[PDB]
Amino acid sequence: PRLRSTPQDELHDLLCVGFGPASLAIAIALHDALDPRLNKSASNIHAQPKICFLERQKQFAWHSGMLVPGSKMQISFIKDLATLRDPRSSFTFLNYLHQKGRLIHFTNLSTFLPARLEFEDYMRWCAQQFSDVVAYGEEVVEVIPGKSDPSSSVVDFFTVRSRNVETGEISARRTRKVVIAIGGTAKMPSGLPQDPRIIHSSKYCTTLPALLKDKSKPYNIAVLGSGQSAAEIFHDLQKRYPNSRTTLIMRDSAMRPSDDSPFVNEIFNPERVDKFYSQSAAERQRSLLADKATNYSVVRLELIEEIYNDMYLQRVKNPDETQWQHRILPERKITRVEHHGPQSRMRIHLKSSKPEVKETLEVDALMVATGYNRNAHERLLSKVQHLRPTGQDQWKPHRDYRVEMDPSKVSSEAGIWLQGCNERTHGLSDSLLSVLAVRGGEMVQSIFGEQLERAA
Amino acid sequence: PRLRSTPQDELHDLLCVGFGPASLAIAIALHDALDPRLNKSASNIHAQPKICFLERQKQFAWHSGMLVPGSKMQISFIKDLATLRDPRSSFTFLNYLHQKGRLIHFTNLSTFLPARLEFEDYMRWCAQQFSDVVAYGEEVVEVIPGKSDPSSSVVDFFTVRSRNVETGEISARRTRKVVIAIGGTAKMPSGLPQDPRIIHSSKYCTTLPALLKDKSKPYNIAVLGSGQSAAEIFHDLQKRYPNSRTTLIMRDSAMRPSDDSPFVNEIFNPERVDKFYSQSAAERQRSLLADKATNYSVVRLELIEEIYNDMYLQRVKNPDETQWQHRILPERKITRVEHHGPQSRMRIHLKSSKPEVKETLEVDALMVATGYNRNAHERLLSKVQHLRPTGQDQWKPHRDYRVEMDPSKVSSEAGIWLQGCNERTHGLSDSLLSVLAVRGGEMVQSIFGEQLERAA
Amino acid sequence: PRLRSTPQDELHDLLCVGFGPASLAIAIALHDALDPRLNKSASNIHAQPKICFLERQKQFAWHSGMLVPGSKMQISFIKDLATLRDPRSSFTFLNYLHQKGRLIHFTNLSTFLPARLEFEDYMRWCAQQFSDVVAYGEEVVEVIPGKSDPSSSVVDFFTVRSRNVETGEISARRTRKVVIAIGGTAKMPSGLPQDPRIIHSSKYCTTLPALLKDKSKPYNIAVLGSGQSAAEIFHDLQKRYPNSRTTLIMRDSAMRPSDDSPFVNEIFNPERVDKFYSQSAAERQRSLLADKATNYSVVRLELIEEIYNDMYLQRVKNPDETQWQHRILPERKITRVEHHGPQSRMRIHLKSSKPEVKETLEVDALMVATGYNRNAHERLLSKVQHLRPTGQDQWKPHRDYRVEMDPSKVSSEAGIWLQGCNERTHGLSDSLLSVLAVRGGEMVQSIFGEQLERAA
Amino acid sequence: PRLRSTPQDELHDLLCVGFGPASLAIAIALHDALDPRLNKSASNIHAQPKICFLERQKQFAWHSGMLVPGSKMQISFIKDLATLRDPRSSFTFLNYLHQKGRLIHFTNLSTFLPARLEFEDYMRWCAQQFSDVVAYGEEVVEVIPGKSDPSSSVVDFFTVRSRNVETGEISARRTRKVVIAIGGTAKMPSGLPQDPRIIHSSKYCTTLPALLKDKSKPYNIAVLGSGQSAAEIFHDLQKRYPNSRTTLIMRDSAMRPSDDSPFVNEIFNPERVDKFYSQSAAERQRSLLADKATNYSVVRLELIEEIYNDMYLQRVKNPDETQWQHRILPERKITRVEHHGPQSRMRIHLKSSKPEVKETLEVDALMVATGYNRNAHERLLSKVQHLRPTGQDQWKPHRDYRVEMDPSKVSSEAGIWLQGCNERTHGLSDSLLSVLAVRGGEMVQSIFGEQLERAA
């Protein structure tokens, strides 16, 4: 079963916004549902669904700005894009390794946690097989309701408009159903001024070398935050700029270890989504807070220990902490950034993070590892907001990820699904790779179920 | 320097209540301060301080009710009773091993974490060297103020009364200064009824075998809680009663790993007590909460993984969880205990721990691993409460552990020190062994400083 | 593709002796070669090959006498019966877990090394799918050459005779090709007398409980050897007989760790068989000796450390080694066994293992963990020996495992293949599970290649 | 007790050649034997023994040419220079940490294996306390027998002559007793030509940067060998020369893991020296061979795994091994070195290491990590050879390390002791730090016993 491209002017069955892991999992699940080898009823399928994926990136990439050398996956390779739904799938990580002549070699490592670089290539290899149905260099700018009968009051399709990233021309594609799977945006502290020397972690590998071109120069470089991203950048900087002075600034008193214990981590199981979803708003908010240390503002223990050991090595060489080349400043917040000075160094003013004073740093660059927001789907959906039930000022995704729309305004064949931004309703596993294989399988059934039943 | 006993009728310089690790650390620090080999000025000491320790236990023991087989220390052997203050001390763990012909053998293990049994013997070996100045089988029942001039309004000594545990006779001992180092009491949920089949974790090894005498019998045994004590008991029961059905009942959703990461665990450093003490009440309460996972309601990762692996082994044998010999029931609370029935089994009624229904268990015994309180010193000190500054209805320990008393009611030579119950003012390390060597050294200086300066 | 049984009187294409992992891997590879889903050319296959497997065991079991509780696999689950040849196979370990509803649960363990019990069930589950073509309770007793034209001098088939284990009746089955995959036999020291109290490790779980029925009795039990089997039995005995005195007797000075380092362990790679096979007899013998510590007379480090820790715990309780409940006696050999005494205890006489005296032990049982031989195929093949090239007094397997036979005495369609006894020619991976998936694939091509090419 | 210097012209009680760890352990043991705090009888000592140490290095250093960044100790810090003999000693590693204000900080690492840099500083700190009795920049060139009565036939003292390393002047010092503790020499393959580009591992940090001054240059660098030194250099080169192509050449098929298992490693226990020494020459040679993997031609597992992981990362980027930046060439030997060419690169000719052809490498430098010999003491002792028993052409050290000399030629007060070269008679622990504390204690008793008994 090879998915063929649909002409731009034809009515699509599905239009996915984004082609990151979440969308890729849906594409794979669709391939597998139409594979007569994997699914018996697939022989009876006559027509290929008309499908298209829109991705703003020029080609498949997985958080390329954070592909720090030596950087490792944080989940078992078994939770790849296909295995948890079907180990027989040709899209498993193990089958990818086999296709590359690397299976025996990966096995000899005895590791569940491949390099981020390797796992990106696996997903890239997966993504390449859907090149006929993916349009790269397309940034979706809006989703617009359409009525096949304009004189009526019922919406039965959607228009998706995207801007070509190279040339800036706007194209439209019409579809019965939309999936929005666009991940998250860089989250910056509101207090920080805009400056080329102030860069979010997500652009670390991509944009910092352009700013600090000489690797041997004695720069002063600061890192803000204490999550995984901060730890990785802080650690890497010591290798990438050997003569640099680095400072880690955090409002917490310490880097804290991620919770990887097996009982707690069962919250990430695919079957647990039903259980999480069915809870009340108060119980869900309570559960997410209670299990926060699995995912947010936490560092893998092994990395913490490495950094800590480097700190002690500095202590051996020099007992005076103020003289260390690489330093951690706990329980601090940035009150002022001076960035209009003649010199190439900004002046960062610090105070105690403690509730109701401190030093100053001269830095060539500030890396801001302050996490992400997942609200970008809102802007894409503003023109379809009036289709929601009257008075409801927020999108409400059902268990199957389809947003609630007023039944009398929107036809049953038309719909919009959200992926990767539903943590509040679906649990901590929603933004991760943990349930993507199973969720992909669910999504295909939700969207293409009518066609798949006919063949079944 | 061998500490000789003081006659019961003589005025003591110091009377310590309790002879657990905290008091033992003080005894060792005193020995070391008078040791001319360790402290040069010690030659000039002419008089041995008149000192006595009162312990209710018949002999030195360290949480004997929880000496579960295979049970391990949770801190490095380096934080023993002497090393952090002076590695040259004859009371180090390494010197103990040397004295037992076991030093090379411990070394070959490559472990920082000795069995609790071994560390108890080390402390027992330490304790034995002070047998002249320790009175076992003495439970202190009250501390009473005394005035060397009864017609005056100034208190300058204390009377300590203790009841002989075997024979019940009351003895009095007079002292200028008192240390109260009595650890904690068993904490029981208020809702649970009194019953011989309901036993606190602290009495697990000591009292459960008396209740369930036949090791091969198919008992039903429940464990309440999800901290270290619960995990250890739950795990051990499977070895101790091979044919038993065990249930772990917890209000939390999972066992959670203790935080042993190196940056966070620096809060346990001796030098950090100054920093913690100097903070405000709000900041201290905030800090203790933030670092709770280092010590409370947490299980060492390795034990969690073991228990989890045992659970998966049960899954391999039987896919139906309700049929498992050993089970965990998360997010539950006990609403009712039926314990007046004719049969030897109580009936435990369960409900969801979730805020505003569930099963019933028939159990031969309920092990209650619900932690400890440290308020027992209050009852001992009721008759000295009037010596506090007017209106102050709680004991306030200074940095050096001496409680605040009204300067015009209490002479400068008389005082009371608290040890092991000061977490609120001194930090998380207060109840542990972490700072005992250093704290012991501090205590000796605070209490015997005037004499030690004369020789200095 | 479901393999149907062949009537006993029909000429088979293949007859496999044994249905252990090696034969099971061949069955799976055949299933996969005929699976049109996995192999495209398989559609064109018209006729199912006539195949049969003969197994002496009543049902599939994997070293059941050594299924010690808690006993673990020593290779990655990835080297299962199918994955290294094809990750898409329905016979992978991961697909088995999926079929049992256990995939997510195994994943949460983060282990490459499943319990031996679990891996046995996986293989059992695999084996069950071939029940139509496997005859259990059949012990093959001889292989006899046949000539379709008896007046000629050319052998073109083989007769395989097996004795029914329950009823003892002899059945014959004729085949063009034979595979002998019968594993190894218990290896006993020649010096030891025959006695019910002297039991090889391979019968430990199965036969020792019949001899020592009371688990609480204070037996004396000895273990001879220092390989993995000895370590496991010695360790287990302490749990299985809590009041017993156990002795480990070894001629070496210590238990030695298995080599699991990644560069050395590449010898176990499937591609390395070509390289090993092509070497001279002297170079192969040299290589096997050099890499012996990967597999023979070695104990997994983690088990050594456990046992060692138990020994140190005994030291803590009692400093006098001669009084320990569980002891290791290094550098000893057994010179005499007294087993005609009135009492239930044999008397074992010991001497120094050192080249050119010692204690005596009274034991209820001696467990002999002295490894295996793989020469049992010789007895099965005695009547076909005359078919070898003149003067050649040993079976010579080619790279593809087919033994050399005189071309003028044996027709090209007839042949005999050896599996699991070819370490001398094919390398250390030959007796293990390491190359079974790939070897199975090779074997199917070697044996059924002509038919598979026609469809190709 | 502070050891004061002896005038050069006075008869010494002891003259030690070398001031590495072995000699330092003797100095510490002497300090401790005279310390009235540690040894009670020490008060009665009236006279300080006249002692001197001669060291060719300008100051204390511990294998400075191999202080590779991140390089770690391979034995527990507990086997330092004093602890195994006396934990109360002021020369323990833990007391050193305390003296540096680093004790709490080392403890928080939870490691038994300090950096080689840290352990060097510890020993340096130890060494500094004996600066009065150590002469640096003195290379001992010969040991000469002396007779206090020249007309007699009895030798009763020794003359030790050393050359000043800076100025080259020869000085003589007379002593009753000599200790030779000079470690080992660089061992080079006889086949390799002399060349500045061919450097032994022992001079890696010291001399390679002088040869290859530009760290960013694309050099080709080869490493010969497969022991710990080779692995460390090979690994380090990748960090030190990021753009370089490195090749590891080894005659073995793989890097092999050091044996660190606890039962085997008991051979390193101090008490085991008696047992080893008492064995025959054949049994000792047999034992050393059997336990070789503890110490020789082996790499710590963790380093092997790191290097292996780096190799697999190269495989991910490029599947063609011949194109890798860093390569391992197993089972090779160097047959020819071309080093008279005009270019700065030598041409290394390789062949199979296999017993009775291969590539060529162009390299800027060859690092030769081929281990050490310990025969340098022979040259120092040639002029005293005639004092041995007639016909005996090798030095025979007793259990107490004193060489056998003819009783009628050498007076009982005069003697020579060997340290660090006695592996053949005393075991594998002889060249290591494992028994230095205890051996130091033994040596002091052997040499100064008569004086120490008088005070006892």
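Note that the chains take the letters A, B, C and D in the order they are written out, and that residue 1 is the start of every chain.
Heads up, the rule we're going with is that a residue touches a chain if its C-beta (ideal position, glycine included) is under 8 Å from a C-beta of that chain, and two chains touch if they have at least 3 such contacts.
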item	value
Whole-Å separation of chain centres (CA-atom averages), chain B against chain C	54
Whole-Å gap separating chain C and chain D, where each centre is the average of the chain's CA atoms	47
Residue numbers of chain A (touch at least two other chains)	108-109, 262, 266, 308
Chain-level touch network, classified as line, ring, star, complete or other	complete
Full enumeration of touching chain pairs	A-B, A-C, A-D, B-C, B-D, C-D
In the complex with chain C, residue positions of chain D that touch it	252-257, 259, 261-264, 266-267, 282-283, 286-287, 290-291, 293, 301, 304-305, 308, 328, 354-355
Touching residues (chain side chain B, partner chain D) in the complex	37-38, 76, 78-79, 83-84, 86-90, 92, 94-95, 97-98, 103-104, 107-110, 112, 262, 265-266, 269-271
Of all residues in chain C, those that touch chain B in their complex	100-102, 105-106, 108-109, 115, 117-118, 121, 308-309, 312-313, 315-316, 319
